[PDB]
């Protein structure tokens, strides 16, 4: 009952509103043509996008938006939920609230990846406490939003690198509106035994990102997707499997097609 989704890259609408709209339309039409059941997007600042135009596009194509990424809020705007400057922490929370407003229009998950920030020379314990405070604030501020924490590899952050790191935090937050997003590219570096890590996540696995070991289309590296999909079946995972990969080999369209074929075969034989 798993469903396949495609992450589509979009230009920043502040830089070029027409480019954003063009990228989005092209990406959603590509997704539908290949066979994906939903798309996933990433936006830096939701306040500059016309979301009713996006919803019309989603309706016309019968293509839901299943998740909204937030990482550029950190990479471009320096906003972090654990920033040592409480003013920036507040601005980060305010930004992510705007992401939840968009997510509510689509029934989408809000991804908490890089926007959580890094240790920045501090103890893990302090960073974790600040993060939990910020997540609790986000939950107090929202009635329906659902969040997923994505463990990322050591080169992207030193805060939450493993599924176990995230499960520990979920137990402290204590809300079913926060779960885990596992990403096979990141797990290939950070997890000891990936099937075991996913069993530990269990019901807390709310979303799934796939890319091969080199972050190319699934099928084009050496990651063992077979064992992963066996485990997803065993834990009863029935939500989205979202392709978040480099446009390789051979560009965005070719990568999306290769990814779909690889994943579809695994799912159907499972």
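Numbering follows the first chain given and starts at 1.
Chemist: Check the entry's C-alpha temperature factors for 12-20 and 245-253, then say which stretch has the higher mean.
Modeler: Comparing 12-20 with 245-253, the higher mean C-alpha B-factor belongs to 12-20.
Chemist: Tell me which of 205-213 and 24-32 has the higher mean C-alpha B-factor in the deposited entry.
Modeler: Stretch with the greater average CA B-factor: 24-32.
Chemist: If you check the C-alpha B-factor for each of 110, 115, 189, 105 in the entry, which is highest?
Modeler: That would be 105, according to the entry.
Chemist: Going by the deposited entry, which of 179, 121, 151, 84 has the highest CA temperature factor?
Modeler: So the option with the highest C-alpha B-factor is 121.
Chemist: Compare the C-alpha B factor of residue 144 with those of the other modelled residues in its chain, then answer lowest, middle or highest third.
Modeler: Highest third, going by the recorded CA B-factors of the chain.
Chemist: By the record's CA B-factor, is residue 93 among the lowest, middle or highest third of residues in the chain?
Modeler: Its C-alpha B-factor, which the entry lists for residue 93, ranks in the lowest third among residues of this chain.
Chemist: Among the chain's modelled residues, which third holds the C-alpha B-factor of residue 2?
Modeler: Its C-alpha B-factor belongs to the highest third of this chain's values.
Chemist: Please place residue 125 in the lowest, middle or highest third of its chain according to the CA B-factor in the PDB entry.
Modeler: Within its chain, residue 125 is a highest-third residue by C-alpha B-factor, going by the deposited values.
Chemist: In terms of the chain's CA B-factor thirds, is residue 77 lowest, middle or highest?
Modeler: Middle third by C-alpha B-factor.
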